[PDB]
Amino acid sequence: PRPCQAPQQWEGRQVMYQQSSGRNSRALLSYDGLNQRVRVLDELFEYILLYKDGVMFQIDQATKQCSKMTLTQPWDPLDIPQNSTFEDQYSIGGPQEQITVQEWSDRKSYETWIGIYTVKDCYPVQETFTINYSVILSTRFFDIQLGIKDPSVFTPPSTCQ
Amino acid sequence: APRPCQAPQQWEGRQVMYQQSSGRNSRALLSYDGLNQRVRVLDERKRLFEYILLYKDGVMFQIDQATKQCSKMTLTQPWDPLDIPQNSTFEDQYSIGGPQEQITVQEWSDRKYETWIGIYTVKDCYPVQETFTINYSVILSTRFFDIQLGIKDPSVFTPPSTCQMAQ
């Protein structure tokens with residue numbers, strides 16, 4: 001069992017759980033791993049994260065008032081690293097209609113990442129970050145379509161200067 | 001709106017259950033028998049317990065895999081099947097994965113102050129995930145996989161003889 005190659009360019013939607021708030025938040029997701037840029041649209045904000053630059057933008061969907069700020073965090077792609085240990089492979093659904101998926105744990109320096117990806121074509125289904133086994137942040141992805149249909153989603157409005 | 005699917009009421013597979021108090025995921029095998037309202041779960045290493053929940057008899061047993069000490073205590077709360085109640089509000093329909101390798105699923109919220117929200121398959125109504133949340137805190141959530149219908153040998157639900165003597 002060798003890690004697959006997740007698509008580095010796709011659009012879909014996500015449900016993100018945070019333990020601090022303890023909540024799930026649904027949003028659309030534009031993931032561009034080639035340009036290391038990602039934009040999420042709340043389903044009330046829109047966020048545009050440009051990692052090649054040092055900047056992220058937070059936009060009121062109604063107001064367009066834009067707050068720009070240094071990104072701080074380093075880039076972490078939505079794929080399974082080569083040095084990640086294989087944990088399990090299971091099937092979601094059941095007999096007459098199933099996905100086979102696999103689960104991987106990178107354990108990046110006691111913070112550990114654990115991601116579940118589809119087996120043959122490797123769309124991301126879920127990603128979970130956990131500190132000392134206390135699940136800090138988890139996200140599920142669905143309706144994935146490869147590539148970006150309109151890259152203007154990553155260009156900030158003129159409100160952000 | 002669409003009409004709820006009726007999930008199979010007898011199947012066995014595996015689960016990972018996340019609990020907000022501990023904040024942890026726990027993997028285990030699961031034998032779900034909704035017809036006899038009995039369910040048995042077997043902890044997986046990834047203090048290793050086995051739980052047998054018999055709702056018709058109102059009794060639950062936790063049995064411990066290493067030593068087989070069984071503790072029997074009365075089942076407090078009522079039975080709730082792994083299906084979508086009829087008065088569930090429909091939330092969304094999704095696709096997991098991508099082209100040629102995917103499943104279409106739907107998410108339902110019954111909201112039986114407590115809210116239940118579970119996502120089940122569209123075409124065959126296999127359960128994929130169950131979530132219980134109090135006032136927007138995720139309290140509990142469990143994901144199911146490797147489901148095969150029916151129960152292979154119902155003896156999975158008979159407690160060990162250590163459990164008969166227990167109090």
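Partner shielding of B:88-97 amounts to 5, given as the average count of beta-carbon atoms from other chains within 10 Å of each residue beta-carbon. Restricting the calculation to Cα atoms, segment A:71-140 yields a radius of gyration followed by a Dmax of 13.1, 46 Å. Cα gyration tensor of segment A:22-67, axes a ≥ b ≥ c as square roots of the eigenvalues: rounded (a/c below 1.5), prolate (a/b > b/c) or oblate? Oblate. Debye-formula intensities of chain B, expressed as log10 I(q)/I(0) at q = 0.10, 0.12, 0.17, 0.19 Å⁻¹, are -0.41, -0.59, -1.16, -1.39 (one equal scatterer per alpha-carbon, no solvent). Think of segment B:1-62 as having a plus end and a minus end, set by charges on the Cβ of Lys, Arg, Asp and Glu; of B:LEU35, B:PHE49, B:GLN62, B:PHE49 sits farthest toward the positive end of this dipole. Evaluated at q = 0.11, 0.15 Å⁻¹, a Debye calculation over the C-alpha positions of the protein assembly as shown (equal weights, vacuum) places log10 I(q)/I(0) at -0.78, -1.36.
Listed from fewest to most Cβ neighbours within 10 Å, the set B:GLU12, A:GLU87 follows the order A:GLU87, B:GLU12.
Rounded to the nearest 20 debye, the dipole magnitude of chain B is 460 debye, with +1 charges on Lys and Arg beta carbons, -1 on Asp and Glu beta carbons, and the Cα centre as origin. Inter-label distance, B:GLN148 to B:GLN65: 1.9 nm, where each label sits 7 Å from its Cα along the C-beta direction. Taking amide hydrogens as placed 1.01 Å from N in the peptide plane, the amide H of A:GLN9 sits under 5 Å from those of A:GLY33, A:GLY147, each at least 5 positions away in sequence or on another chain.
When both segment B:78-119 and segment A:44-65 are represented by their alpha-carbon centers, they are found 31 Å apart. Counting neighbouring beta carbons within 10 Å and listing from fewest to most, the residues B:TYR120, B:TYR126, B:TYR18 come out as B:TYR18, B:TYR120, B:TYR126.
Just so you know, all these numbers are worked out from the coordinates, no wet-lab data involved. Positions of Cβ are backbone-derived with ideal geometry, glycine not excepted, and every protein chain shown enters the neighbour counts.
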